[PDB]
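Trainee: This is the structure I want to talk about, given as structure tokens.
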Amino acid sequence: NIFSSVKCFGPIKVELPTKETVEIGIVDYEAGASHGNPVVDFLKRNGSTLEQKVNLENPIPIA
Amino acid sequence: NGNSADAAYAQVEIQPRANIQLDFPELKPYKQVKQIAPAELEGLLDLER
Amino acid sequence: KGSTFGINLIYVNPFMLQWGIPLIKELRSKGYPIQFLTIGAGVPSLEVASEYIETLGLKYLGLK
Amino acid sequence: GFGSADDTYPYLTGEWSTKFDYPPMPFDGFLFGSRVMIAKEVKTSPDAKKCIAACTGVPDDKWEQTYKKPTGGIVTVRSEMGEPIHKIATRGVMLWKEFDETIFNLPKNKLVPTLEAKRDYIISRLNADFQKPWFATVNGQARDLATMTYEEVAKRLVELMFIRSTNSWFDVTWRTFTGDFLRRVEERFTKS
Amino acid sequence: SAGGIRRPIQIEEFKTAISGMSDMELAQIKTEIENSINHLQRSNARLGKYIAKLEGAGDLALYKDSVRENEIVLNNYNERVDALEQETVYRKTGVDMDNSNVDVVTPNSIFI
Amino acid sequence: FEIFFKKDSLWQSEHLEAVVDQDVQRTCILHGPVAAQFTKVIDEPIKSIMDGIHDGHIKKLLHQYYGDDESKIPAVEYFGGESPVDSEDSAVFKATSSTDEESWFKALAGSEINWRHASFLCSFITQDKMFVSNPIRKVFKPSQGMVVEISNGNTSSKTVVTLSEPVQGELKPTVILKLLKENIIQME
Ligand SMILES: Cc1cc2nc3c(=O)[nH]c(=O)nc-3n(C[C@H](O)[C@H](O)[C@H](O)COP(=O)(O)O)c2cc1C
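Chains as they are written, first to last, in full-length UniProt numbering: chain A, 1478 to 1540; chain B, 969 to 1017; chain C, 643 to 706; chain D, 770 to 961; chain E, 3 to 59, 77 to 113, 133 to 150; chain F, 1025 to 1110, 1121 to 1222.
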């Protein structure tokens, strides 16, 4: 259950007026004996993914 | 820190129970009792009465 | 490596039977080297002993 | 009642049953409990092994004497259920045997009256002889638990449950028992 | 069932065991112990006759400690039915015009 | 009182440190009247005791029934695993849908008690300390088409048992159960 070492890292990009992206930051989280990755736990709640599944009201039997 | 350094952080409390006392009068040491009364009083009263 | 041993369970102690029979069945299904089970202090009923004989993968049952 | 080849050989060969005018009747193997209690690598404390080696014992003709009196250094005493147990006749067990013949064979309505009467006797004997002493003695003086101070209790729980030689609580559950008691003292005597 | 085996069993270990059972397994033990009790009372009845017949006038002190002994066992069985009774019952349970509040004499008490 | 007095009476004799005065005479020690008259020598190694009794039985049994002669004692490869209920050199067996499992494994094992006898009738084997079901009986459990061939059946050291099945129509070798070096059973 306990992690020896956690490491989250990657570019932070901003959408420009033109809709091209640019690097303006880096994620650099490092930890020793942790129970979690806080960076991803943050972005899940306070952010969103690019795509979102939305369920039909009623599942439709195809076959 | 899951619930390891956010769960062992919390102490144990003592809620008091009622220790009802009979309130017998506090008896002082003899040397402090002889201040209060005058020295002539020793052997002067008939305690039977 | 290869050795075995057994287990005595007092029949007149319903609590040790309640945790201990399941414990053998479990350890015997993981292949622990428990060759046999002696039930002391009593002899079980046919319907019980039948469950010890079939269900715990034992070589033999001791009865006193 | 086996210890050597010599006494256990007649049962291997079947010839034991000849003595009783039956035909030979041989056995497929033997078990040795009592025999093996003084072996190098059991946990029986050295003093207890000396105590076992001292028991002379008695042949099969006489063993039932044990229901009456120490026979080869050994008596029977009843369990809490009334099952016999064969125990070495230590002071402890002789006291157990006395209380089976006197207190525990009484009907329930005579039991409590008899304990009040024999109280000072029973406590002398628990403290002198038995493995479980009378809890409420401070400096060898037999009290009751209602005539003991909260300190006298704490100090006595440590005396009986904490081992000075090994510097540890004999069982963790005993440490939880004394710790729970100290937490009661705080609950009872705190104002706030 | 190892609870109810027509032989005296230590009550602390019975009470603990009885905790961990199903309600239909408890109901089975209870039926079995009740039957054991009836067998011991019909045994103590027969013993009551051979006493009353012989007390009409050795081998009477023997009829007496045969019924003393059955009461030791019988005390264990109804001590066991009492623990069952206790376990059963455990499973059931688990205007103001004085300016005391707002001071309206003061410009800021209203909501400045 | 009777419970408090008698409750938990049997550990104390093993742990005198936790008894008042470290005094045995306070304590319950369990022991038999009759058996007590052989318990004399303190701290005898358990092997010394149990061998004593066993080597005693042999010494005697030898005298009565083998005229004090070890040469008359039947020799077997390994002693054990016999439920208390019950010669050809180049054979060939043929499993059907009828062939009884118990009959089939008697045959492969053969008469002599050796590695082959163990291999097919040992119900269990040991991985490290654990007891797993015998994989060699799993493999040779009989079904339509499988054909066992034994060779040097009457000299264990070179015996080879060679299972063959249907493989893409024809019949090819699928197992080769034999000895390597002296004490190793290879199941190629
Ligand atoms: C210290 C001691 C403890 C025993 N504990 C048990 C036990 O827990 N369960 C049991 O069925 N028998 C127990 N027995 C009985 C033995 O299993 C066996 O019946 C007996 O020791 C053999 O008799 P012997 O002692 O005369 O050689 C015990 C015997 C002794 C001496």
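By construction, the Cβ of each residue, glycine as well, lies at the ideal position given by its N, Cα and C atoms.
Which runs of the beta strand (DSSP E), 3 residues or longer, sit entirely within the segment 882–941 of chain D?
Mentor: Whole beta strand (DSSP E) segments, 3+ residues: zero.
Trainee: So what does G1056(F) bridge to, in DSSP terms?
Mentor: DSSP output for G1056(F) lists no bridge partner at all.
Trainee: Please look up how many angstroms separate the CB atoms of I676(C) and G704(C), rounded, as I've assumed it's under 8 Å.
Mentor: About 12 Å; that fails the 8 Å criterion.
Trainee: Just list the alpha helix (DSSP H) runs in the segment 777–862 of chain D, keeping only unbroken ones of 4 residues or longer that don't cross its boundaries, in chain order.
Mentor: As far as the segment 777–862 of chain D is concerned, its whole alpha helix (DSSP H) runs of at least 4 residues are 815–823.
Trainee: Spatial neighbours of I652(C) within its chain, please: C-beta separation below 7 Å, excluding the five flanking residues on both sides.
Mentor: The answer, listed in chain order, is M658, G682, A683.
Trainee: Given a cut-off of 7 Å on the beta-carbon distance, is the pair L914(D) and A905(D) in contact?
Mentor: Yes; because the gap between Cβ atoms is below 7 Å, this pair is in contact.
Trainee: Would you mind reading off the limits of the beta strand (DSSP E) that contains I1489(A)?
Mentor: Counting along the chain, the beta strand (DSSP E) containing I1489(A) begins and ends at 1483–1492.
Trainee: Assign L1013(B) to one of three DSSP states: helix, strand, or coil.
Mentor: It is coil, neither helix nor strand.
Trainee: Within its chain, find whatever has a CB closer than 7 Å to the CB of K667(C); leave out the 5 residues flanking it on each side and keep chain order.
Mentor: Once the five neighbours on either side are set aside, the close Cβ partners of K667(C) are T697, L698.
Trainee: Anything in chain C within Cβ reach of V1100(F), meaning under 8 Å, just list it in chain order.
Mentor: None at all; the shortest Cβ gap to chain C is about 18 Å.
Trainee: How many angstroms separate the CA atom of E98(E) from the CA atom of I91(E)?
Mentor: Whole-angstrom Cα-Cα distance: 11 Å.
Trainee: Specify the secondary structure class of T646(C) as computed by DSSP and reduced to three states.
Mentor: It is coil, neither helix nor strand.
Trainee: Can you give me the start and stop residues for the alpha helix (DSSP H) that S38(E) sits inside?
Mentor: It spans 25–57 - the alpha helix (DSSP H) in which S38(E) sits, taken as one unbroken run.
Trainee: Going by the CB atoms, is the gap between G841(D) and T825(D) shorter than 7 Å?
Mentor: For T825(D) and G841(D), yes; Cβs fall inside 7 Å.
Trainee: So what does DSSP say about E1199(F), is it helix, strand or coil?
Mentor: Correct three-state label for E1199(F): strand.
Trainee: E1183(F) by DSSP, collapsed to three states: which one?
Mentor: Reduced to three states, the DSSP call for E1183(F) is strand.
Trainee: Taking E1026(F) as part of the alpha helix (DSSP H), name the residues at either end of that continuous run.
Mentor: Segment 1026–1030, the alpha helix (DSSP H) holding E1026(F).
Trainee: Is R1050(F) buried or exposed, if buried means 16 or more other CB atoms sit within 10 Å of its CB?
Mentor: Buried.
Trainee: Got a sec: does ligand 1 put a non-hydrogen atom nearer than 6 Å to the Cβ of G802(D)?
Mentor: For ligand 1, at least one heavy atom lies less than 6 Å from the Cβ of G802(D).
Trainee: Considering only heavy atoms of ligand 1, does any lie closer than 6 Å to the CB of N97(E)?
Mentor: Checking every heavy atom of ligand 1 against the Cβ of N97(E), none is found closer than 6 Å.
Trainee: Assuming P792(D) contacts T782(D) under a Cβ cut-off of 8 Å, what Cβ separation, rounded to an integer in Å, is found between them?
Mentor: About 13 Å; that fails the 8 Å criterion.
Trainee: Can you find a C-beta in chain F that's less than 7 Å from the C-beta of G861(D)?
Mentor: Closer than 7 Å: yes.
Trainee: Below 8 Å, how does it come out for the segment 1096–1105 of chain F and the segment 853–861 of chain D: are there three or more Cβ pairs, yes or no?
Mentor: Flag = no, the segment 1096–1105 of chain F and the segment 853–861 of chain D do not touch.
Trainee: Given that a residue counts as buried once 16 or more other Cβ atoms are within 10 Å of its Cβ, and exposed if not, what is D136(E)?
Mentor: That one is exposed.
Trainee: Looking at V1504(A): is its Cβ nearer than 7 Å to the Cβ of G1487(A)?
Mentor: It is a contact, given that the beta carbons lie within the stated cut-off.
Trainee: Should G948(D) be flagged as near chain F, meaning a C-beta pair shorter than 7 Å?
Mentor: It does not; no Cβ of chain F falls within 7 Å.
Trainee: How would you list, in chain order, the residues of chain D whose beta-carbon sits under 8 Å from the beta-carbon of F1103(F)?
Mentor: The contacting residues do not exist; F1103(F) stays about 14 Å from chain D at best.
Trainee: Using only CA atoms, which one of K1096(F), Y1090(F), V1043(F) lies nearest to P902(D)?
Mentor: Nearest of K1096(F), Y1090(F), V1043(F) to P902(D), Cα basis: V1043(F).
Trainee: Taking 6 Å as the cut-off, does the CB of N650(C) come closer than this to any heavy atom belonging to ligand 1?
Mentor: Answer for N650(C): yes, Cβ within range of ligand 1.
Trainee: When you compare the segment 1161–1169 of chain F with the segment 1141–1149 of chain F, are there three or more beta-carbon pairs, one atom per stretch, that lie closer than 8 Å?
Mentor: Touching, no.
Trainee: Taking the alpha carbon of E1101(F) as the point to measure from, which residue in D1093(F), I1053(F), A1152(F), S1137(F) has its own alpha carbon closest?
Mentor: Ranking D1093(F), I1053(F), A1152(F), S1137(F) by Cα distance to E1101(F) puts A1152(F) first.
Trainee: Let me make sure I understand the geometry here. Which of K879(D), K818(D), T942(D), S893(D) has the alpha-carbon closest to that of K1064(F)?
Mentor: The shortest Cα separation from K1064(F) among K879(D), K818(D), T942(D), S893(D) belongs to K818(D).
Trainee: When you compare each of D1162(F), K1215(F), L1211(F) to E1222(F) by their alpha carbons, which one comes out closest?
Mentor: Considering only alpha carbons, the answer is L1211(F).
Trainee: Could you tell me which chain D residues have their CB closer than 9 Å to the CB of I91(E), listed as they occur along the chain?
Mentor: By Cβ distance, chain D contributes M850, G851.
Trainee: To which residues does DSSP link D1505(A) through a beta bridge?
Mentor: Paired residues: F1486(A).
Trainee: Determine, using beta-carbon pairs with one atom in the segment 14–25 of chain E and one in the segment 99–106 of chain E, whether at least three such pairs fall under 8 Å.
Mentor: Touching, yes.
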